[PDB]
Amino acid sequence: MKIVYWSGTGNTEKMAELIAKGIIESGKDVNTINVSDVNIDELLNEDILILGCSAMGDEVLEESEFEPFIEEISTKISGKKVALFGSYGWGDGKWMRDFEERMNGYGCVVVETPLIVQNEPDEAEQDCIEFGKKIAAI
């Protein structure tokens, strides 16, 4: 499986690692890829797309790298299963509610409730691992 993410301070990156840990514990392999090193062609062969990005700007996806990536794959993911996650700060998840609506609008099936964690996953570490285990059971 593959997990693609963007992280500005490491919060979402740590979530990605924990999610991968859950998938591995369930007995499956998975690679974590920073959005800047993703190969869209290889990624589209995946059964499930696991995507993560922290809340940036005014409750939007990161603009210089992550958003263009989503825009690029948007026309080629109809029917694909997706799992969404990310870290946020002072808001209450607006960027994620919009991210989920967007992916659904592209025809994707959002498999689980998106996982959002405030700042660094501290107390939420097991939650991240469990999210990975849920995706591995798909």
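In this text, residue numbers run from 1 along the sequence as written.
- The mean Cα B-factor in the deposited entry runs higher for 109-117 than for the other of 109-117 and 81-89.
- In this entry, 72-80 shows the higher mean Cα temperature factor of the pair 72-80 and 54-62.
- When the C-alpha B-factors of 31, 34, 104, 26 are ranked from the entry, the top spot goes to 31.
- Among all modelled residues in its chain, residue 67 ranks in the middle third by Cα B-factor.
- In the PDB entry, residue 123 places in the highest third of its chain by CA B-factor.
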